[PDB]
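Input: a single structure, listed below in structure tokens.
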Ligand SMILES: Cc1[nH]c2ncnc(NC(=O)[C@@H]3CCO[C@@H]3C)c2c1C
């Protein structure tokens, strides 16, 4: 089970951890990927999760896109979790560096409500360009299911906890 998390609310928990290492250790039912609409897992959380699957995530994802076309910003799809989890919920938060509407971040987090418990990163944070403090607030105010947030950067983790 999940260990070492700091409880923020009734249903939101946080830990300074690499989501890839946390997934390999816990093997949760659902790991969230910080996906883009093409499911091109090049960098950030997506590139790291895909590398941990030996590119199997990318091969599966390319087949999914060839069949279904791209996801919507704010949307998601459930695919295999490979060696990291039972399932991977690929969720597309808005990318501020591309001018995408930050209000779509709430729609992105709503996808989490379809799963009772998830291991997740902060959506739209990191290379997606949004303020992680804002992402955490939208998460707490949107997700009602049990979410275990992994934040890689220790300095940002401390700031997220201390300003909560
Ligand atoms: C490879 C990897 N693994 C992760 N596990 C959890 N969170 C992640 N992301 C961050 O911590 C961002 C860096 C700056 O602030 C963001 C919240 C990652 C990344 C990028």
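No lab work stands behind these numbers, since they all come straight from the coordinates.
Of all DSSP beta bridges located in the chain, what percent are antiparallel, nearest 5? Of the beta bridges lying entirely in the chain, close to 30 percent run antiparallel.
On full extension, the segment bounded by residue 144 and residue 83 gains 19.3 nm, given 0.36 nm per residue less the C-alpha separation.
Over region 78-126, the fraction of Cα-Cα pairs per 5 Å bin, rounded to whole percents and listed from the shortest bin up, is 5, 19, 28, 22, 15, 8, 3.
Checking the a/c ratio against 1.5 first, then a/b against b/c, what shape does the Cα gyration tensor give for region 96-164? Could you put the intermediate results ahead of the total?
Values: a/c = 1.77, a/b = 1.07, b/c = 1.66.
It comes out oblate by the Cα gyration axes.
Helix content alone sets the calculated 222 nm mean residue ellipticity of the chain: runs of n ≥ 4 DSSP H residues at -39500 (n - 2.57) each, divided across all residues, give -10000 deg cm²/dmol. Each principal axis of the Cα cloud of the chain was taken in turn, and the coordinate range along them, longest first, works out to 43, 35, 27 Å.
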